[PDB]
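J.: I'd like to ask you about the structure that follows.
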Amino acid sequence: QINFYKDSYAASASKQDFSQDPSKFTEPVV
Amino acid sequence: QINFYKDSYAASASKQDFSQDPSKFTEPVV
Amino acid sequence: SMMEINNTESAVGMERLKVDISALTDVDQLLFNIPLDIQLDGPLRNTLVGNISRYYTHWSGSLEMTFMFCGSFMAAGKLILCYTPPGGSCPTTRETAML
Amino acid sequence: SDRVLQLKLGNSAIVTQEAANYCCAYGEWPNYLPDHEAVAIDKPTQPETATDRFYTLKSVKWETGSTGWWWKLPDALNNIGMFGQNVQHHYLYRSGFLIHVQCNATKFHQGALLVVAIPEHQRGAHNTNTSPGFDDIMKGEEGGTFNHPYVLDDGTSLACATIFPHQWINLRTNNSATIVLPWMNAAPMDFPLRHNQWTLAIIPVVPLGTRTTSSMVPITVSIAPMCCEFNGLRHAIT
Amino acid sequence: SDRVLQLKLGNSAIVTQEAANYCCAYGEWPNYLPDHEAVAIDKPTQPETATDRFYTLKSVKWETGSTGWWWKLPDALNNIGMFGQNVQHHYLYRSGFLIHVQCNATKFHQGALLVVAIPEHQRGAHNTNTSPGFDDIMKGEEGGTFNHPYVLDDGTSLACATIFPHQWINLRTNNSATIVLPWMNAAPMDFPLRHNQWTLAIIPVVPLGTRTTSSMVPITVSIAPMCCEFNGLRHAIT
Amino acid sequence: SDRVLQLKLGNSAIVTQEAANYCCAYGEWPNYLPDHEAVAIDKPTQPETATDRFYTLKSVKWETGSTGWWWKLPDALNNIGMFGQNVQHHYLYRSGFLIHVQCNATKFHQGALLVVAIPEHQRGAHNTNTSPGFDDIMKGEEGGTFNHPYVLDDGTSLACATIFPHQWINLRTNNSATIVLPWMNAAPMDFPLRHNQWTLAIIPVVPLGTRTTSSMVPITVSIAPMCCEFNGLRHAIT
Amino acid sequence: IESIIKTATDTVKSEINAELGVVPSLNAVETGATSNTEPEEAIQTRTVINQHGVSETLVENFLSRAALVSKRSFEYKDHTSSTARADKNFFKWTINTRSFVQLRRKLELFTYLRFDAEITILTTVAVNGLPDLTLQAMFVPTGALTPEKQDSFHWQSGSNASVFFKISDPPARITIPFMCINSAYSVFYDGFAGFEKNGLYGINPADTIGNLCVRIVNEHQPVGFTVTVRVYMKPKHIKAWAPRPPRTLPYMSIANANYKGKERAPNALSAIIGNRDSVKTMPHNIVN
Amino acid sequence: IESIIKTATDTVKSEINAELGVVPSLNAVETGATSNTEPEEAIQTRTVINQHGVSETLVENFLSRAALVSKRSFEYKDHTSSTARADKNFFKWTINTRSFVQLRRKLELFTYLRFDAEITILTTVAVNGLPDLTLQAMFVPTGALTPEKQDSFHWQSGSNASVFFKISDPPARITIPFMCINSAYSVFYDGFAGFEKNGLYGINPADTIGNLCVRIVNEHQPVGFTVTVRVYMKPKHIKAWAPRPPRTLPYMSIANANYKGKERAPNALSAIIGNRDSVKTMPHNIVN
Amino acid sequence: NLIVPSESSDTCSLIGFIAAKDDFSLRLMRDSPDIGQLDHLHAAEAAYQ
């Protein structure tokens, strides 16, 4: 959000990755 | 980044100069 | 930048920077082996690749060993310089090392 | 339709007539190391038929009082065939695996096999603070018997072991599990003699039971490395 | 200009600063077996860096009373490195060779080496009707010393041995011969443990002579297989 | 092609037939002080042929037990010729240097010279806290012998001295190093009698060794100032 | 099929299904696939627009909660007479997720983790008035030279990232980056660190962050104080691979996954889940 | 050829090279050039897209880490009976990179440095409760009038840049600019400062920043306190010229580059690198 | 072999160099273990006087 530092790892936590793929676990078959 | 001072030396460290020339050291010959 | 491959006793000062090789009566003899730990103490430590990397912990990329022969112009010889990737012991015979 | 399955790798081939399916582990098929992920700069040897083939391990006797069996990969294969000679002569390897576990019995036997491939199975010893040594982990071709498979020998749960790539050999339904493992390491390649990425684990969740004449029912394991690379050539170690 | 030569094969590389040239034997560079010439139907393993590299043999002491040295290929290399393990694990092989024979002395020494690569060097024993046995032919990594190199140990002539692919190491002029051998067999592939196609032969036509302090002058041989194929995978034999 | 080299500066000229190359130090050729970098406002005298020429220093006897030799610039030249008279009569100078170190022996001798030009070589005395005095640093035309050249007499390393502008006189390969030094100072000009920017350092990394008749092998140094300016004219000091 | 899922999925209505050939309740566990029987396919459902967000189950939100990783009460006094085992006004700490079991079991849910440590160092002080002590927390890499004294010259921090902070200040929070040489922290390392057979099993030093050498910058004061330094690590920018069974048995050590279990159920070796009377006995039964 | 290099360079694949005339492994050290033998040109490589950033090796990032440059514990008490050598509640300090060897060896890697000092003055206090003392750190130029007392009238700071700060506050951070009369700080000064022959060798006063006169603004309190003032310098906006061999031998003094070395290897005079048995003896050998 | 005539020295020398390539990279900066400091350096007390 704010991130006045020069390093991209120093930012806040990226709590926005809503992409999920359960089908590599629930349906791992070919 | 921020630099609310009136002096350009008072700013943060300029960690952006990626220009390098190793050929004045590794190949110093004519 | 020069390696101290001759990091032994009785090599005092500048004799540590050069490796004395001689004529040999036996076949395919080991002359020297070099510890490759840049980050640890050894021949690579007091080098430009070594002293700067001991300001760091994680290092990558390929090295570059250059060996300048300093015999006479009449001196003829041939050497093999085997970089063995790790896992096993330091190879003591040439048949082990040229693989 | 999916009960018959022929797996042609190299000169090896395995047909099976009671198969369930074949599990492409985490939805990932094995591949060679791409250039953007590559780290070792030298050209890797990719033999493609001398290693990419089914190396059949020693069968283990599936019995009543059995607790389990585990083979750590590639530790099961570091001395077998041209995969073993490429392991001993190279510092690095990157190989997926195609585990095909064979275990059949009659239509009167019962039992269930949790054929589960555990990535990075850091084992734990029981009732001691001493870590498991080299001989307790690196069993080689023989594999190891589970001591407490109910906790998978690391304090975890067998009940949740289906989070890993797994298939079941229910002797009622099928007789062969097939798990196709990709390269599962944080590093792109690794040193095979001191690290094992996948650990095939075979566990009697339902024991072998019948009322007929007790024939020996063994469990045969046929692990095929897939998409082998090998960097860092040197002398052999063994 | 042609005196300097760097030969980069695999992880191996050889520079030489007093070279004459490099002889592409019979005007033929090594290649893999094409499909129209192919016989074995299974896919050959082509490791391309584990074998296609300089395997440096043991040096031999070039002396005054020396008669010669011979190494039969691939018999010199059937136990060395990943070429040796591919030989022992496969029924067939097809490989060219890049022989680079190293022998240097001072500018005061004299001598001439006939570095000649003889295809199908059927040796003969002297003053007997018994054929040379297995131990007389298949010396392995050590190689063999010529008994009568003036007739090349088969009743032929050394004087006409330049009909074969050859180079000379005249210690006056150069110090390294380089012969690049193709696959020289009537068959496309062959069984390596009972047949040798090329025989590197090294002969003192002019002996080592000088008046200075007698340093040991050895002859080092660095044979690199080229364009290796291997069909017919099985267990190792050695 | 690059083994022959003729360096024409002023009335002086030096040919050499076994040269390696000539090192333009830090990729920088000497030039006069530009107007945007200029500080002293008066018009500098630029004699351009009375100083821009090879002033050949005294030769030093390259022996077995020798530790090294160093000449500090322009302290080696503050009393020689028209460079010395321009030094004594002016407060400021700005001059690059073209060091050409001559040292030859036979084709039977061996040895290696680290001809290295060290900018701002603040020397240190050994086993004392007292700084080196005026006589220990400002040796003049004679130069100084290294006391501990393995640490370059300042606690640093000889092993890393190749970070400076350097060339090697390997008596096997060449017999003359040539280093072309620019103006290396934080200030544009400086007072020559109390400061030395470049220090030519000549170090026996491989000592002089042979088995023939021990002729005297000396090391001759020919330092040419380049692009001389001189501001601040006054009486001479010496 | 990778898809963006922000809320839990809706439930479509369904009707009476009487169809040959299509048996959606019948599935094959032996394939290893989890059963794809929808609730529409098994029972008769209504239309439900499910607005329940799945955002709190994100692995970023799962693991980015600053949990305790280190805690040392150490005496702050004259150490001229103390033994050469206790903390003489400084402690080294190899930064280690394994010391405290709430964060350890959460990070050992996965095999490989790629996170940035947000180290918060809470220093608190008790008397054996409170002083306003200044503390240095010099970050030393794994295996590098750790200091030997409080006033040793390793604390000058020529290149090691020291953080200087006070007790009266808010707690010092720094961000340790992703510092593994591999592309993820091997939480479990089935293998050995060394090439010889003496190496410790399971401990990959690439998984190890480094040392956290923490001293008190002030000199020794005439009364002794017990200074407790709590270190809180918040994993952030988290990518997580290959989830594992959560550990049921109690931990024995920080160096390995040894197990003993409780003496009785629950969480025992022979019985993880607490026992009941029979398989047909309901423990929490609604008896009216 | 000057080029912008953000990541380490990629490795192209290569094939079997058997060519006369082109010998890329053969190079000439006697020219002084470092060998341009590419890894493609020496051995047979694969295509590697190298994404390793070179940003942490930047000389700005190399030297802009605030390292210790000064440290004085000085008594804070009645100085009416103390000797006329100790700090009577103030200390002058000629600002000097040479006092502490971690920053000194880093700055002595180069010959000429152009940096701005980011001086952070950490003051910490111990009792011989802690007071909240106010400190003045008056920046005096090189050679100018330094104060003689705590309450002398040089501390009024008519033009000298004083910074007034407290112990309870965050540490006082000021920015000393590039204050050399030359275009770079001569880290090594092969020469003399004076025109007469009495001048100190190696010490250029243009390299010297100035004095840092630091007093405690409060009067003397009835109990005595030991106040330790640590000064941390962060070089910034750094331009660096002509790198040097890093110093291997231990430093002897701050005024010069004298050397004695350790008694034995490592870092000794006759032997910088630690000894081994022979040139063909491998010390850390993988023996199984 | 190393083969010299009767007028060259029988014990020749090898100077071994090492540099790094353009592939090379360094990260995770630390202080150097090549230098140490047991006490204050000499005249460091005289920088305060």
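Chains: A, B, ... in order of the structure tokens. Residues: from 1 per chain. Ligands: from 1, in order shown.
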Show which residues sit within 7 Å of residue 19 of chain I, as a list in words. Count only C-alpha atoms, and ignore same-chain residues fewer than 4 positions away.

T.: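 Listed by chain and then number, they are residues 1, 49, 63, 64 and 65 of chain C.
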
J.: Could you save the residues just selected, with N, CA and C atoms, as a compact mmCIF listing (two decimals), in the first residue's frame?

T.:
```
# COMPACT_ATOMS: atom_id res chain seq x y z
N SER C 1 44.11 -12.29 -10.59
CA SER C 1 44.85 -12.04 -9.37
C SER C 1 45.44 -13.36 -8.89
N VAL C 49 38.84 -12.12 -6.59
CA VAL C 49 37.58 -12.85 -6.52
C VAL C 49 37.34 -13.33 -5.10
N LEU C 63 34.03 -19.35 -12.53
CA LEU C 63 35.35 -18.83 -12.24
C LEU C 63 36.24 -18.94 -13.47
N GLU C 64 37.50 -18.57 -13.30
CA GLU C 64 38.41 -18.43 -14.42
C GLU C 64 39.82 -18.56 -13.88
N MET C 65 40.43 -19.73 -14.00
CA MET C 65 41.81 -19.92 -13.56
C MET C 65 42.76 -19.81 -14.74
```

J.: Might you pull out every residue within 9 Å of segment 62-64 of chain E, with only C-alpha atoms counted and same-chain residues fewer than 6 positions away left off, and present them as an mmCIF file with N, CA, C and O atoms, in the first residue's frame?

T.:
```
data_model
loop_
_atom_site.group_PDB
_atom_site.id
_atom_site.type_symbol
_atom_site.label_atom_id
_atom_site.label_comp_id
_atom_site.auth_asym_id
_atom_site.auth_seq_id
_atom_site.Cartn_x
_atom_site.Cartn_y
_atom_site.Cartn_z
ATOM 1 N N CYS E 103 53.423 -35.344 -27.463
ATOM 2 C CA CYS E 103 54.809 -35.678 -27.134
ATOM 3 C C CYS E 103 55.679 -34.490 -27.497
ATOM 4 O O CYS E 103 55.829 -34.176 -28.679
ATOM 5 N N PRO E 204 58.672 -45.143 -33.205
ATOM 6 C CA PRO E 204 59.935 -44.401 -33.350
ATOM 7 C C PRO E 204 60.705 -44.556 -34.642
ATOM 8 O O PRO E 204 61.725 -45.246 -34.614
ATOM 9 N N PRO E 207 64.732 -42.351 -33.595
ATOM 10 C CA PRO E 207 64.693 -42.500 -32.138
ATOM 11 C C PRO E 207 65.002 -41.188 -31.432
ATOM 12 O O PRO E 207 65.488 -40.226 -32.024
ATOM 13 N N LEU E 208 64.694 -41.161 -30.139
ATOM 14 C CA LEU E 208 64.972 -39.988 -29.321
ATOM 15 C C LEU E 208 66.469 -39.847 -29.108
ATOM 16 O O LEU E 208 67.095 -40.696 -28.467
ATOM 17 N N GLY E 209 67.038 -38.773 -29.636
ATOM 18 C CA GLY E 209 68.453 -38.537 -29.470
ATOM 19 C C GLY E 209 68.757 -37.108 -29.092
ATOM 20 O O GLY E 209 68.170 -36.175 -29.646
ATOM 21 N N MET E 216 63.182 -37.277 -18.895
ATOM 22 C CA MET E 216 62.187 -38.231 -19.366
ATOM 23 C C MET E 216 61.289 -37.543 -20.381
ATOM 24 O O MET E 216 60.652 -36.535 -20.067
ATOM 25 N N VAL E 217 61.242 -38.069 -21.599
ATOM 26 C CA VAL E 217 60.293 -37.609 -22.609
ATOM 27 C C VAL E 217 59.214 -38.677 -22.728
ATOM 28 O O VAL E 217 59.522 -39.798 -23.151
ATOM 29 N N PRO E 218 57.994 -38.428 -22.275
ATOM 30 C CA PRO E 218 56.905 -39.379 -22.481
ATOM 31 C C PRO E 218 56.010 -38.998 -23.655
ATOM 32 O O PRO E 218 56.072 -37.893 -24.189
ATOM 33 N N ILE E 219 55.169 -39.952 -24.045
ATOM 34 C CA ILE E 219 54.188 -39.772 -25.106
ATOM 35 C C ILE E 219 52.817 -39.933 -24.477
ATOM 36 O O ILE E 219 52.453 -41.032 -24.043
#
```

J.: Could you write out as a PyMOL selection string the residues of chain H within 9 Å of chain D, counting only C-alpha atoms?

T.: chain H and resi 11-14+39-40+43-51

J.: Apply DSSP to the backbone of this structure and, from chain B, keep only the residues in helix (DSSP H, G or I); write these as a PyMOL selection string.

T.: chain B and resi 8-10+22-24

J.: Applying 10 Å and only C-alpha atoms, which residues near residue 72 of chain D remain after dropping the ones on its own chain fewer than 3 positions away? List them as a VMD selection string.

T.: (chain D and resid 75 to 77 117 to 121 137 to 141 143 to 144 195 to 201) or (chain G and resid 190 to 191)

J.: Could you write those residues out with C-alpha atoms, as a short mmCIF file (atom, residue, chain, number, x, y, z; two decimals), in the first residue's frame?

T.:
```cif
data_model
loop_
_atom_site.label_atom_id
_atom_site.label_comp_id
_atom_site.auth_asym_id
_atom_site.auth_seq_id
_atom_site.Cartn_x
_atom_site.Cartn_y
_atom_site.Cartn_z
CA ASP D 75 18.53 -43.58 -3.51
CA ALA D 76 16.71 -46.71 -4.64
CA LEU D 77 18.25 -46.27 -8.09
CA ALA D 117 4.96 -40.65 -3.06
CA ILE D 118 6.13 -38.26 -0.35
CA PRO D 119 8.29 -35.29 -1.43
CA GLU D 120 11.10 -34.53 1.04
CA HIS D 121 10.28 -37.19 3.60
CA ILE D 137 17.85 -43.04 5.81
CA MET D 138 19.94 -44.13 2.83
CA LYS D 139 18.94 -47.79 2.60
CA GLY D 140 19.57 -48.01 -1.15
CA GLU D 141 17.95 -50.60 -3.39
CA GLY D 143 14.34 -49.80 0.86
CA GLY D 144 13.20 -49.53 4.44
CA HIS D 195 19.66 -35.94 -1.02
CA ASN D 196 16.42 -37.69 -1.98
CA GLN D 197 13.48 -35.70 -3.28
CA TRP D 198 10.66 -38.21 -3.61
CA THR D 199 10.06 -41.04 -1.18
CA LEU D 200 7.74 -43.75 -2.42
CA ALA D 201 5.79 -44.98 0.59
CA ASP G 190 15.17 -35.45 2.99
CA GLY G 191 18.93 -35.59 2.72
#
```

J.: Can you list every residue of chain B that has an atom at most 10 Å from chain F, with its nearest atom pair and the distance in Å to one decimal, using only C-alpha atoms, ordered by chain then number, as a Markdown table?

T.:
```
| residue | atom | partner | partner_atom | distance |
| --- | --- | --- | --- | --- |
| B:21 | CA | F:27 | CA | 9.9 |
| B:22 | CA | F:26 | CA | 9.6 |
| B:23 | CA | F:27 | CA | 7.7 |
| B:24 | CA | F:27 | CA | 4.7 |
| B:25 | CA | F:26 | CA | 6.1 |
| B:26 | CA | F:163 | CA | 8.8 |
| B:27 | CA | F:27 | CA | 8.1 |
| B:28 | CA | F:27 | CA | 5.2 |
| B:29 | CA | F:23 | CA | 4.2 |
| B:30 | CA | F:24 | CA | 5.8 |
```

J.: Within 8 Å of residue 7 of chain I, counting only C-alpha atoms, which residues qualify if same-chain residues fewer than 5 places away don't, as a ChimeraX atom specification?

T.: /F:108,210-212

J.: If we count only C-alpha atoms and set the cut-off at 7 Å, which residues sit around segment 29-46 of chain I, ignoring sequence neighbours fewer than 2 positions away in its own chain? Please answer as a list in words.

T.: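 So the residues in contact are residues 54, 55, 56 and 57 of chain C; 141, 145, 153, 158, 159 and 160 of chain G; 99, 101, 102, 248, 250, 252, 253 and 254 of chain H; 27, 48 and 49 of chain I.
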
J.: Show me which bits of chain A are within 10 Å of chain B, counting only C-alpha atoms, as a list in words.

T.: residues 4, 5 and 6 of chain A

J.: Considering only C-alpha atoms, tabulate each residue of chain E that lies at most 12 Å from chain D along with its nearest interatomic pair and the corresponding distance in Å to one decimal; arrange the rows by chain and ascending residue number and present them as CSV.

T.:
```
residue,atom,partner,partner_atom,distance
E:9,CA,D:43,CA,10.9
E:10,CA,D:43,CA,7.7
E:11,CA,D:42,CA,7.4
E:12,CA,D:233,CA,10.1
E:41,CA,D:11,CA,10.8
E:42,CA,D:11,CA,7.4
E:43,CA,D:49,CA,7.0
E:44,CA,D:49,CA,7.1
E:45,CA,D:47,CA,5.1
E:46,CA,D:47,CA,5.9
E:47,CA,D:47,CA,5.0
E:48,CA,D:45,CA,6.4
E:49,CA,D:45,CA,5.7
E:50,CA,D:45,CA,6.1
E:51,CA,D:45,CA,9.2
E:52,CA,D:45,CA,10.2
E:53,CA,D:233,CA,10.6
E:55,CA,D:235,CA,11.5
E:79,CA,D:236,CA,11.8
E:80,CA,D:235,CA,9.2
E:81,CA,D:235,CA,6.6
E:82,CA,D:89,CA,7.3
E:83,CA,D:85,CA,10.8
E:84,CA,D:85,CA,10.3
E:85,CA,D:85,CA,7.0
E:86,CA,D:82,CA,7.7
E:87,CA,D:82,CA,10.9
E:88,CA,D:82,CA,9.9
E:89,CA,D:82,CA,7.3
E:90,CA,D:50,CA,9.1
E:228,CA,D:47,CA,11.1
E:229,CA,D:47,CA,10.0
E:230,CA,D:50,CA,9.0
E:231,CA,D:50,CA,9.2
E:232,CA,D:11,CA,8.7
E:233,CA,D:50,CA,6.8
E:234,CA,D:81,CA,8.1
E:235,CA,D:81,CA,6.6
E:236,CA,D:81,CA,7.7
E:237,CA,D:81,CA,11.4
```

J.: Given the selection you just returned, output its residues as a file containing N, CA and C atoms, formatted as a compact mmCIF listing (two decimals), in the first residue's frame.

T.:
```txt
# COMPACT_ATOMS: atom_id res chain seq x y z
N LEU E 9 35.81 -30.62 -26.89
CA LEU E 9 34.85 -31.72 -26.92
C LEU E 9 34.34 -31.97 -25.52
N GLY E 10 33.05 -31.72 -25.30
CA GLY E 10 32.46 -31.95 -23.99
C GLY E 10 32.99 -30.95 -22.98
N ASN E 11 33.24 -31.44 -21.77
CA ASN E 11 33.92 -30.61 -20.79
C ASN E 11 35.42 -30.58 -21.02
N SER E 12 35.93 -31.52 -21.81
CA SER E 12 37.35 -31.56 -22.12
C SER E 12 37.70 -30.55 -23.20
N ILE E 41 17.11 -51.44 -34.49
CA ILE E 41 15.88 -50.67 -34.58
C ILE E 41 15.61 -49.85 -33.32
N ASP E 42 16.17 -50.21 -32.18
CA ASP E 42 15.86 -49.48 -30.97
C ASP E 42 16.59 -48.14 -30.95
N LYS E 43 16.06 -47.21 -30.17
CA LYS E 43 16.59 -45.86 -30.14
C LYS E 43 17.93 -45.85 -29.42
N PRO E 44 19.02 -45.45 -30.07
CA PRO E 44 20.32 -45.47 -29.42
C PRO E 44 20.46 -44.31 -28.45
N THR E 45 21.10 -44.58 -27.32
CA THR E 45 21.45 -43.50 -26.41
C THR E 45 22.67 -42.77 -26.96
N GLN E 46 22.56 -41.44 -27.01
CA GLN E 46 23.61 -40.57 -27.54
C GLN E 46 23.89 -39.57 -26.43
N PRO E 47 24.87 -39.84 -25.57
CA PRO E 47 25.07 -38.97 -24.40
C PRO E 47 25.67 -37.62 -24.73
N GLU E 48 26.53 -37.55 -25.75
CA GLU E 48 26.99 -36.35 -26.46
C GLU E 48 27.93 -35.45 -25.68
N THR E 49 28.03 -35.63 -24.37
CA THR E 49 29.01 -34.94 -23.53
C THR E 49 29.66 -35.84 -22.50
N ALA E 50 29.03 -36.95 -22.13
CA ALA E 50 29.64 -37.87 -21.19
C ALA E 50 30.68 -38.75 -21.85
N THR E 51 30.58 -38.97 -23.16
CA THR E 51 31.55 -39.75 -23.90
C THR E 51 32.31 -38.94 -24.93
N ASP E 52 31.67 -37.96 -25.57
CA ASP E 52 32.31 -37.16 -26.61
C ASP E 52 33.25 -36.14 -25.98
N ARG E 53 34.38 -36.65 -25.49
CA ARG E 53 35.34 -35.86 -24.74
C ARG E 53 36.66 -36.60 -24.66
N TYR E 55 39.47 -38.58 -23.34
CA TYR E 55 39.91 -39.49 -22.30
C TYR E 55 41.41 -39.69 -22.47
N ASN E 79 37.00 -49.29 -20.40
CA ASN E 79 36.90 -49.31 -18.96
C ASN E 79 37.08 -47.91 -18.38
N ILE E 80 37.12 -46.89 -19.22
CA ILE E 80 37.40 -45.52 -18.80
C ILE E 80 36.12 -44.71 -18.88
N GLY E 81 35.70 -44.15 -17.75
CA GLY E 81 34.70 -43.11 -17.67
C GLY E 81 33.33 -43.56 -18.14
N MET E 82 32.57 -42.60 -18.67
CA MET E 82 31.23 -42.92 -19.15
C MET E 82 31.24 -43.54 -20.53
N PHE E 83 32.36 -43.51 -21.24
CA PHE E 83 32.45 -44.34 -22.43
C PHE E 83 32.56 -45.81 -22.04
N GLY E 84 33.30 -46.10 -20.97
CA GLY E 84 33.45 -47.47 -20.54
C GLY E 84 32.17 -48.05 -19.98
N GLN E 85 31.38 -47.22 -19.29
CA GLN E 85 30.14 -47.72 -18.71
C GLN E 85 29.06 -47.89 -19.78
N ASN E 86 29.10 -47.05 -20.82
CA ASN E 86 28.21 -47.25 -21.96
C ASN E 86 28.62 -48.45 -22.80
N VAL E 87 29.92 -48.75 -22.84
CA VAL E 87 30.38 -49.96 -23.53
C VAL E 87 29.90 -51.21 -22.81
N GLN E 88 30.04 -51.24 -21.49
CA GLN E 88 29.72 -52.44 -20.73
C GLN E 88 28.22 -52.68 -20.66
N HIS E 89 27.41 -51.63 -20.77
CA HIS E 89 25.97 -51.75 -20.65
C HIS E 89 25.26 -51.88 -21.99
N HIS E 90 25.97 -51.84 -23.10
CA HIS E 90 25.32 -51.85 -24.40
C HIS E 90 25.98 -52.87 -25.32
N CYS E 228 29.03 -40.66 -30.45
CA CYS E 228 28.76 -41.98 -29.90
C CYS E 228 27.29 -42.33 -29.98
N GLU E 229 27.02 -43.54 -30.43
CA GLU E 229 25.71 -44.16 -30.29
C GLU E 229 25.90 -45.45 -29.51
N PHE E 230 24.85 -45.90 -28.85
CA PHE E 230 24.90 -47.16 -28.12
C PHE E 230 23.51 -47.78 -28.18
N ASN E 231 23.39 -48.93 -28.83
CA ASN E 231 22.16 -49.71 -28.84
C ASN E 231 22.32 -50.97 -28.01
N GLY E 232 21.18 -51.59 -27.72
CA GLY E 232 21.18 -52.88 -27.05
C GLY E 232 21.52 -52.83 -25.58
N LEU E 233 20.69 -52.15 -24.80
CA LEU E 233 20.97 -51.99 -23.38
C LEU E 233 20.72 -53.28 -22.62
N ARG E 234 21.61 -53.58 -21.68
CA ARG E 234 21.51 -54.74 -20.81
C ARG E 234 22.27 -54.43 -19.52
N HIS E 235 22.53 -55.47 -18.73
CA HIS E 235 23.40 -55.36 -17.58
C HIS E 235 24.86 -55.19 -18.00
N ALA E 236 25.68 -54.76 -17.06
CA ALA E 236 27.10 -54.59 -17.35
C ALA E 236 27.82 -55.93 -17.31
N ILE E 237 28.93 -56.02 -18.02
CA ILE E 237 29.72 -57.24 -18.11
C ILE E 237 31.06 -57.11 -17.41
```

J.: Based on only C-alpha atoms, which of the residues in chain G come within 12 Å of chain I? I want them as a VMD selection string.

T.: chain G and resid 138 to 149 151 to 162 176 to 181 209 to 211

J.: Skipping near chain neighbours, those fewer than 3 positions away, what residues fall within 10 Å of residue 148 of chain F using only C-alpha atoms, listed as a PyMOL selection string?

T.: (chain C and resi 13-14) or (chain F and resi 67-68+125-126+145+151-155+158) or (chain H and resi 259+269-270)

J.: Select residues of chain I: the criterion is any atom within 7 Å of an atom of chain E, counting only C-alpha atoms; output as a VMD selection string.

T.: chain I and resid 1 3 to 6

J.: I need the chain H residues near chain A as a ChimeraX atom specification; criterion: at most 12 Å, counting only C-alpha atoms.

T.: /H:55-56,61

J.: Which residues, written as a PyMOL selection string, have at least one atom at most 12 Å from residue 263 of chain H, with only C-alpha atoms counted and residues fewer than 2 positions away on the same chain left out?

T.: (chain F and resi 127) or (chain H and resi 249-250+259-261+265-272+274)

J.: Could you pull out all residues of segment 12-234 of chain E with a DSSP call of strand (DSSP E or B) and give them as a VMD selection string?

T.: chain E and resid 12 to 16 19 23 to 24 45 55 to 56 60 to 62 69 to 73 90 93 to 102 110 to 119 144 166 to 170 176 to 181 190 198 to 209 217 to 230 233

J.: Within 7 Å of chain E, which residues belong to chain C? Use only C-alpha atoms and report them as a PyMOL selection string.

T.: chain C and resi 23-25+27-28+74-77+98-99

J.: Please build the interface table for chain I against chain B with a cut-off of 12 Å, listing for each qualifying residue the nearest atom pair and the distance in Å to one decimal; count only C-alpha atoms, order rows by chain and increasing number, and write it as a tab-separated table.

T.:
```
residue	atom	partner	partner_atom	distance
I:19	CA	B:26	CA	9.2
I:20	CA	B:26	CA	10.2
I:21	CA	B:26	CA	10.1
I:22	CA	B:22	CA	9.3
```

J.: Please write the residues from the selection above to a file, keeping C-alpha atoms, as a short mmCIF file (atom, residue, chain, number, x, y, z; two decimals), in the first residue's frame.

T.:
```
data_model
loop_
_atom_site.label_atom_id
_atom_site.label_comp_id
_atom_site.auth_asym_id
_atom_site.auth_seq_id
_atom_site.Cartn_x
_atom_site.Cartn_y
_atom_site.Cartn_z
CA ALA I 19 39.35 -14.05 -11.90
CA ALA I 20 35.64 -14.39 -12.26
CA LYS I 21 33.57 -14.26 -15.40
CA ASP I 22 30.62 -12.16 -16.53
#
```

J.: May I have the residues of chain C within 9 Å of chain G, counting only C-alpha atoms, written as a list in words?

T.: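 The selection requested is residues 55, 57, 58, 59, 86, 87 and 88 of chain C.
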